[PDB]
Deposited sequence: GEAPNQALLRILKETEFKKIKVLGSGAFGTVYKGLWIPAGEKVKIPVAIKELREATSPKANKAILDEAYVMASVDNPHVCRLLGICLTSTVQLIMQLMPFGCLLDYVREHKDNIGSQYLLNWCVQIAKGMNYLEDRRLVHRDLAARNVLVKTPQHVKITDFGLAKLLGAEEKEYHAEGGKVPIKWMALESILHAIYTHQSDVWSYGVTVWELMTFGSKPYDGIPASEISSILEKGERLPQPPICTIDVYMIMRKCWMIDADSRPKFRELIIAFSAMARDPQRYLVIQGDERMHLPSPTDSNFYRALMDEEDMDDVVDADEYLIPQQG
């Protein structure tokens, strides 16, 4: 009821928007049968499991209801699998911070951390494990609104530099390892999209973590934010913070952003403009 199965004849891929490990992303047009309208959408043709299993996980993916979690809207099952969701012209968060390296404000970064924590806490409440949280898997509806996508794709279909030690060593994935990946994502945002452990071979990461080394303190970060990152990267999974707690912490910091980030928001009207044209959510 929440997942619309689509025929091939009712939609069309128009241009390629990007790619990821799980597949290719297109701008498409949905033509509602019996109408003459073209409605833009985002289509992910997954790369190369029984059909009943694919469909069951697509239902799970389509049952989420949270302002910061993307919901799968439609699926097309043929020789390939095509996922359909709302088209968001702003793209993914990693690309955006890289494009706005010299103008992003501290309010946005703290608010993005808050929103990602809300999405993650929601998924934990639904007993869902993302397995690949990262700045590239967070989409921008509006500069003030971000949404996590693609949870569960990893299990159905390896980002070593984002994974917890337990995941690299014993292929264990939990909400706590998602917290580790959250720490890495916050690090990505605070560095304006820097590559974690740039130039370091992935095969050394297990070693570097075992001797106690972690990603460096980001230049714009006071010790307050970096401590949260470090707690997300504790070897003992049960000692890392809970998403529910990170929301509060980052929200407090958002109440006074200039004190917690040191770098060299929309007016009420612009926000309603943005919301009326693209975010009635």
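Absent C-alpha positions map to the deposited sequence ranges 1-6, 55-58, 168-180, 288-293, 311-327, in order along the chain.
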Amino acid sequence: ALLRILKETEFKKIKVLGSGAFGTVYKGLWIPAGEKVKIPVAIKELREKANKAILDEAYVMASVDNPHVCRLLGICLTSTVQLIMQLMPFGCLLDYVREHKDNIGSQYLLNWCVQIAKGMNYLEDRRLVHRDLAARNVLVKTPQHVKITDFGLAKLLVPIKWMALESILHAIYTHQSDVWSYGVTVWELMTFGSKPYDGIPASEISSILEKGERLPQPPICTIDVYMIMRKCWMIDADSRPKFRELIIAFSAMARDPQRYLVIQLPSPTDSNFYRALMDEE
From here on, numbers count along this sequence of modelled residues.
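Between 163-171 and 109-117, it is 163-171 that carries the larger average Cα temperature factor according to the deposited entry.
For the segment pair 95-103 and 129-137, the entry gives 95-103 the higher mean B-factor, averaged over Cα atoms. Out of 81, 148, 85, 157, the entry records its largest CA B-factor for 157. In the deposited entry, the Cα temperature factor of residue 34 sits in the top third of values across the chain's modelled residues. Residue 255: CA B factor in the highest third of modelled residues in this chain (values from the PDB entry). Per-chain ranking of the deposited C-alpha B factor places residue 181 in the middle third. Split the chain's modelled residues into thirds by C-alpha temperature factor. Residue 66 is in the lowest one. Annotation for residue 212: CA B-factor lies in the highest third of the chain's modelled residues.
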